[PDB]
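Trainee: Here come the first chain(s), positioned as in the complex:
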Amino acid sequence: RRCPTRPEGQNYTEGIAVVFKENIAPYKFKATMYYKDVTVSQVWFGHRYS
């Protein structure tokens, strides 16, 4: 009987790759906060205590 031989075989293209995934990290940068704590305190001065 005429039986088949080995299959053709996969043809592979050698190369280089870079794999990117979805970006989930927030964009980060340096900021500066300028503000003023304004604290106004009302004190009642008793006989022996405040």
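Mentor: All right, it came through fine. Numbering: from 1, shown residues only, chains lettered A, B, ... in the order given.
Trainee: May I have the distance across stretch A:22-31, first residue to last?
Mentor: For stretch A:22-31, the separation between the terminal residues is 26 Å (CA to CA, to the nearest Å).
Trainee: Report the central residue of chain A.
Mentor: Relative to the mean C-alpha position of chain A, the nearest C-alpha, by CA atoms, centre = their mean, is the one of residue A:25, at 1.9 Å.
Trainee: which secondary structure element contains that one?
Mentor: Here residue A:25, judged by DSSP states H and E, is contained in no helix and no strand.
Trainee: any idea how far it lies from residue A:6?
Mentor: Using CB to CB, to the nearest Å, we find residue A:25 at a distance of 49 Å from residue A:6. Backbone N, C-alpha and C define where each C-beta goes, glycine included.
Trainee: what about residue A:43, how many neighbours?
Mentor: Residues within reach of residue A:43, counting by other CB atoms under 10 Å, total 6.
Trainee: same deal with residue A:41?
Mentor: By other CB under 10 Å, 4 other residues sit near residue A:41.
Trainee: Look at it and tell me its secondary structure.
Mentor: Secondary structure for residue A:41, judged by DSSP: H, G, I helix; E, B strand; the rest coil, is coil.
Trainee: Include this sequence as chain B:
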Amino acid sequence: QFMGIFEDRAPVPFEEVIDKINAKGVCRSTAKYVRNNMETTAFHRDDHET
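Mentor: Putting chain B together with the chains above:
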């Protein structure tokens, strides 16, 4: 009408945690503590210490 409600959290001193709360199970009715670089005292119901 309420014109203002000053709510604060004062610490219980060491000499009150051990001598009053841990020993007798009671707590003083006066809160004497340091806030905003000042000795401040509060009396419950504006009454005597109990």
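Trainee: again for the neighbour count of residue A:41, since chain B is there now?
Mentor: Around residue A:41 sit 9 other residues, with neighbours defined as other CB atoms under 10 Å in any protein chain shown.
Trainee: Leaving out chain neighbours, which residue sits closest to it?
Mentor: Counting by CB to CB, 6 or more residues apart in numbering or on different chains, the nearest residue to residue A:41 once its immediate chain neighbours are dropped is residue B:36, at 5.9 Å.
Trainee: Stretch B:27-35: how far from the chain's middle?
Mentor: The gap between where stretch B:27-35 is centred and where its chain is centred comes out at 2 Å by CA atoms, centre = their mean, to the nearest Å.
Trainee: Flag every buried residue along it.
Mentor: Going by neighbour count (16 or more other CB atoms under 10 Å in any protein chain shown), the buried part of stretch B:27-35 is B:28, B:31.
Trainee: Can you give the contact residues for it?
Mentor: Surrounding stretch B:27-35, the residues in contact under the criterion CB atoms under 8 Å, 6 or more residues apart in numbering or on different chains are A:49, B:8, B:10-13, B:16, B:20-21, B:39-45, B:47-50.
Trainee: For ChimeraX, write the select line for the buried members of the residues you listed.
Mentor: For the buried members of the contacts of stretch B:27-35, the matching ChimeraX selection, counting by 16+ other CB under 10 Å, is:
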select /B:16,40,43
